[PDB]
Amino acid sequence: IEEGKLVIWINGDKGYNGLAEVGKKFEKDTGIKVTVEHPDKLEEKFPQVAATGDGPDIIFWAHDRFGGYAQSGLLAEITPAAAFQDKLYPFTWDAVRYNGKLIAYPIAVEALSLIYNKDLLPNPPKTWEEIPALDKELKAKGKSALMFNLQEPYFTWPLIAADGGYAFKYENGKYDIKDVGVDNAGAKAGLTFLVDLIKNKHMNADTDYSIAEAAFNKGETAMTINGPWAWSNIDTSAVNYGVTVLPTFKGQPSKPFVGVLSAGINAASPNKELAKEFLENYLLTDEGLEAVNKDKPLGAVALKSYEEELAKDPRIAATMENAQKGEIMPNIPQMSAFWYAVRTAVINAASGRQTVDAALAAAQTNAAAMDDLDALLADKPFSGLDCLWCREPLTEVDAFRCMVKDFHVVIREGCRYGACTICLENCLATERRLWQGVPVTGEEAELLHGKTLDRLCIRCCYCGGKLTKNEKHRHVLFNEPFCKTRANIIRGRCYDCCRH
Ligand SMILES: OC[C@H]1O[C@H](O[C@H]2[C@H](O)[C@@H](O)[C@@H](O[C@H]3[C@H](O)[C@@H](O)[C@@H](O)O[C@@H]3CO)O[C@@H]2CO)[C@H](O)[C@@H](O)[C@@H]1O
Ligand SMILES: [Zn+2]
Ligand SMILES: [Zn+2]
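Structure determination for this entry, per the PDB record, employed X-ray crystallography and reached 2.288 Å resolution.

Participant: For the overall build of the chain, give the residues involved together with the corresponding values.
Facilitator: A count of helices and strands for the chain gives 21 helices and 24 strands. In summary, the chain has a C-alpha radius of gyration of 24 Å against a globular reference of 23 Å for 500 residues, a match within 12%. For the chain, the spread of C-alpha atoms along the principal axes amounts to about 65 × 60 × 45 Å.

Participant: Account for the packing of aromatic side chains, naming residues and giving values.
Facilitator: Summed over all chains, the structure comprises 20 aromatic pairs. Seen in terms of ring centroids, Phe46 and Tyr69 are 5.1 Å apart; in terms of plane orientation they differ by 55°. Their pairing is tilted. You can see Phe46 sitting in helix 2 (residues 42-51) and its partner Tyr69 sitting in helix 3 (residues 66-71), a full 23 residues away along the chain. For the residue pair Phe46 and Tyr69, the accessibility class agrees, reading buried in each case. Each residue in the set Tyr154, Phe155, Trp157, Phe168, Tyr209, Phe257, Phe338 and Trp339 is aromatic and connected to the rest through ring pairs, giving one cluster. Taking NZ or CZ as reference, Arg486 lies 5.5 Å from the ring centre of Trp435, over its face. Directly above the ring of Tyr462 sits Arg499, whose terminal nitrogen or CZ lies 4.3 Å from the centroid.

Participant: Before we move on, could you go through the coordination of the zinc ion (ligand 2) and cite the residues and values that matter?
Facilitator: Protein-derived ligands of the zinc ion (ligand 2) are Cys387 (SG), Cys390 (SG), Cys420 (SG) and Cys423 (SG), with the metal-ligand distances lying across 2.0 to 2.5 Å. Of note is the zinc ion (ligand 2), whose 4 donor atoms meet at the metal with angles of 101 to 119° in an arrangement that counts as tetrahedral. Look at where the donors of the zinc ion (ligand 2) fall in the sequence and you get C-x2-C-x29-C-x2-C. Of the two residues, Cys387 is situated in strand 18 (residues 386-387) and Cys420 in the loop between strand 20 (415-418) and helix 19 (421-434); the sequence distance between them amounts to 33 residues.

Participant: How would you summarise the coordination of the zinc ion (ligand 3) if you had to cite specific residues and measurements?
Facilitator: The protein atoms that coordinate the zinc ion (ligand 3) are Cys460 (SG), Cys463 (SG), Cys494 (SG) and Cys497 (SG), at distances spanning 1.9 to 2.4 Å. Classification of the site at the zinc ion (ligand 3) as tetrahedral follows from its 4 donor atoms and the range of 99 to 119° in their angles at the metal. For the zinc ion (ligand 3), the single-chain donor residues occur in sequence as C-x2-C-x30-C-x2-C. Residue classification places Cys460 among the buried positions, given a relative accessible area of 0%.

Participant: Just give me the short version of the nonpolar core, but keep the residues and values in it.
Facilitator: When a protein is soluble and globular, its nonpolar side chains tend to lie buried together. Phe60, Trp128, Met223, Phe278 and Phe338 are the most contacted members of the largest nonpolar core, which totals 119 residues. With 9 residues, the top contributor of residues to this core is helix 15 (residues 335-351). For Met223, the residues in contact, after removing those within four places along its chain, are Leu114, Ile115, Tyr116, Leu121, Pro125, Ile131, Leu134, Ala145, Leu146, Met147 and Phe216. Counting 24 residues, the second-largest nonpolar core is a separate cluster that includes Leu394, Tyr417, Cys420 and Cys427.

Participant: Give me the lowdown on a nonpolar patch on the surface, citing residues and values where you can.
Facilitator: Taken together, the side chains of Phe400, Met403 and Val404 present a nonpolar region at the surface, about 310 Å² in accessible area. Counting through the fold element by element, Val404 comes out in helix 18 (residues 396-404).

Participant: Any details on the pairing of strand 12 (residues 241-244)? Residues and values, ideally.
Facilitator: Neither face of strand 12 is left uncovered, since the one carrying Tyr241 and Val243 and the one carrying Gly242 and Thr244 both have all their residues buried. Relative to strand 12, strand 7 (residues 113-117) is paired through 4 bridges, and the arrangement is antiparallel. Note that in strand 12 the partner of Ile115 across the bridge is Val243.

Participant: Let's hear about unusual backbone geometry: which residues, and what values?
Facilitator: If you check the backbone angles, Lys201 has positive phi at about 70° while not being a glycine. One can find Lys201 in the loop between helix 8 (185-199) and helix 9 (209-217). A positive phi angle is found at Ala487, which is not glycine, with a value near 65°. Within the secondary structure, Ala487 is located in the loop between strand 23 (482-484) and strand 24 (490-492).

Participant: Explain the site of ligand 1 residue by residue, including any values.
Facilitator: In the vicinity of ligand 1 lie 18 residues, with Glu43, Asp64, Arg65, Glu110 and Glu152 positioned nearest. The contact in question runs from an oxygen atom of ligand 1 to an N or O atom on the side chain of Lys14, over 2.8 Å. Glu110 places a side-chain nitrogen or oxygen 2.6 Å from an oxygen atom of ligand 1. Against a free-state accessible area of 620 Å², the protein chains account for coverage of 91% of ligand 1. The residue makeup of the shell around ligand 1, split by class, is 8 nonpolar, 1 polar and 9 charged.

Participant: So what's going on with the sheet that holds strand 19 (residues 410-412)? Residues and values would help.
Facilitator: Note: strands within a sheet are paired through backbone hydrogen bonds, in either parallel or antiparallel orientation. Across the sheet, 3 strands lie side by side as 18-20-19; this open sheet has mixed pairing. Both edges of this open sheet fall to strand 18 and strand 19, since each of them pairs with a single strand only. Where strand 19 and strand 20 come together, 3 bridges link them in antiparallel fashion. Its bridge partner being in strand 20, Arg412 is matched across the sheet by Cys415.

Participant: Describe the pattern of salt bridges, listing the residues and the values that go with them.
Facilitator: The full count for this structure, using the stated rule, is 18 salt bridges. For the salt bridge of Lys255 with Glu327, the shortest nitrogen-to-oxygen distance reads 2.9 Å. With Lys255 in the loop between strand 14 (252-253) and strand 15 (257-265) and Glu327 in strand 17 (residues 327-328), this residue pair connects regions lying 72 residues apart in the sequence. Residue classification places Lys255 among the partly exposed residues on the basis of a relative accessible area of 21%. On the accessibility criterion, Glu327 (40% relative accessible area) is partly exposed. A salt bridge links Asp374 to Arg486, with the nearest nitrogen and oxygen atoms 2.7 Å apart.

Participant: Before we move on, could you go through a positive patch on the surface and cite the residues and values that matter?
Facilitator: Among the surface-exposed residues, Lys41, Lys45, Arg343 and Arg433 lie close enough to one another that they form a single positively charged patch. Look at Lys45 and you get partly exposed, because its relative accessible area is 34%.

Procedures and definitions
- Residues numbered from 1 in each chain as written, not as in the entry; some residues may be left out.
- Chains lettered and ligands numbered in written order.
- Heavy atoms only, no water.
- Residues with missing side-chain atoms left out of burial classes, pairs and counts.
- Helix = DSSP H or I, 4+ residues; strand = E, 2+ residues; numbered from the N terminus.
- Rg over C-alpha atoms; globule rule 2.2 N^0.38 Å.
- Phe/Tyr/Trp six-rings, centres within 6.5 Å; stacked < 30°, edge-to-face > 60°.
- Buried < 20%, exposed > 50% of the residue type's maximum accessible area, 1.4 Å probe, protein only.
- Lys NZ or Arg CZ within 6 Å of the ring centre and 35° of its normal.
- Donors = N, O, S within 2.8 Å, 3.2 Å for Na, K, Ca; no water.
- Tetrahedral: all angles 85-135°; square planar, octahedral: opposite > 155°, others 65-115°.
- Core = buried A, V, L, I, M, F, W, Y, C linked by side-chain atoms within 4.5 Å.
- Contact = heavy atoms within 4.5 Å.
- Patch = residues over 30% accessible without salt bridge, like charges linked within 9 Å, V, L, I, M, F, W, Y side chains within 5 Å.
- Areas by Shrake-Rupley, 256 points an atom, 1.4 Å probe, with all protein chains shown as cover.
- Salt bridge = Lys/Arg side-chain N within 4 Å of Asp/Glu carboxyl O.
- Pairing = 2+ DSSP bridges.
- Near = heavy atom within 4 Å.
- Polar contact = N/O pair within 3.5 Å; in protein donor to acceptor, adjacent residues only side chain to side chain.
- Nonpolar A, V, L, I, M, F, W, Y, C, P; charged D, E, K, R; others polar.
- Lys, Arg positive; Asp, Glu negative; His and termini not counted.
- Charge placed at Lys NZ, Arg CZ, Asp CG, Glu CD.

Okay, structure coming up:
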């Protein structure tokens with residue numbers, strides 16, 4: 001990392017241009033150049049890159065990612081004077097505390113709200129249950145009731161949580177990573193309601209961020225679910241919009257997961273002092289936050305003095321009312337696994353690839369561990385057995401595949417299980433995304449597991465199948481490295497799984 005300057009990473013939906021202006025003031029005052037960048041998948045890139053001591057000096061993201069960053073020792077400890085701490089709301093500091101240490105600066109507080117087109121819908125619906133009938137009305141005029149991003153569990157979670165869904169139960173002073181509320185009766189109800197909106201053609205499974213945004217900002221749909229960052233583009237459109245409380249579901253409020261946008265400092269940064277000066281005395285000020293806010297709205301902010309200005313805005317009170325009805329996201333390392341698990345269940349259920357029950361049962365298993373994967377894919381009959389994950393009976397092809405792939409029967413509470421292809425593939429996909437491997441040679445693998453390559457059990461990172469002697473030799477012969485993932489596990493690619 002270059003010494004004498006600041007590189008800052010922040011997400012593309014945020015006011016990076018405004019932040020750049022703060023960055024130019026810092027430069028005019030100190031002579032230090034600040035470069036603001038908005039890399040795709042920055043939150044996944046940061047941990048790969050920072051582990052080798054590269055990356056940005058400062059990284060911005062909601063607080064939920066930061067526990068994982070801190071655990072891996074990627075973040076500098078933040079030590080602001082008590083005077084400074086007093087400038088921000090206490091709960092925001094709590095969001096960036098990990099094992100008794102402050103690991104980032106809180107910037108702003110974020111919650112989803114219902115955004116609606118006053119001209120098309122002067123009085124927005126109070127319940128999710130009214131949408132179906134309302135959509136029918138609007139379709140008559142070539143419009144739709146509701147579009148929003150269904151690709152990200154962040155947007156669908158408020159509904160899933162409404163009737164009892166939850167991530168980790170908080171108890172005995174800590175989130176209990178073994179008590180996950182992802183396949184309880186309330187989650188199923190909420191996901192079932194969502195899936196029925198899709199079967200009945202009130203929404204498309206394919207809708208993503210860009211598609212819902214365009215549709216709303218061009219007057220084609222009456223409602224959308226988004227955060228404060230989205231308001232700036234609606235302003236610039238012809239749309240006359242309101243911001244209000246999310247609908248209820250079975251008479252219970254929708255429960256958004258509340259994020260605190262936070263700025264962490266790379267442990268490997270040689271510019272820690274400069275980073276702290278920038279953040280404390282330039283960004284976390286009335287003028288600094290306003291510069292960023294004018295670009296893309298921040299939502300409620302952590303800085304008391306400026307939040308007082310922002311609080312007069314009805315869109316902000318609506319933001320805070322939805323926030324009070326939701327929960328502050330946990331920052332524990334297990335959150336990544338939770339988010340991936342739910343993302344997959346929603347995508348699967350919405351396309352009909354799996355039932356709601358199957359999809360949530362798998363999500364439940366994935367959110368609470370990966371011990372099951374290791375048991376199934378141990379180093380190295382299935383017919384009539386169910387899938388460990390989704391609890392559905394293995395078809396006879398999936399039973400065959402379990403055998404040919406050289407899987408191991410998993411016993412849970414006395415019962416024997418295999419895995420269907422869908423759950424197995426989703427699980428391995430999450431492994432690659434959650435544990436970026438480092439490349440290793442055959443020699444490195446042999447040395448690590450005191451065993452010749454022909455005798456090492458190396459599995460395909462896509463299908464879980466045990467690589468043949470020739471498949472392993474392919475890696476060596478053609479200079480294609482193996483992958484060292486978690487627990488010193490070594491993965492490779494079978495002939496069939498050699499993507500372009
Ligand atoms: O879906 C897989 C996804 O899971 C995790 O992403 C979550 C974020 O960690 C979490 O903060 C939240 O992201 C939202 C931001 O808070 C908000 O400011 C704005 O940017 O919208 C974001 C949602 O798109 O929720 C997501 C889950 O949807 C994980 O960190 C990701 O790496 C992973 O891709
Ligand atoms: Zn399954
Ligand atoms: Zn394979």
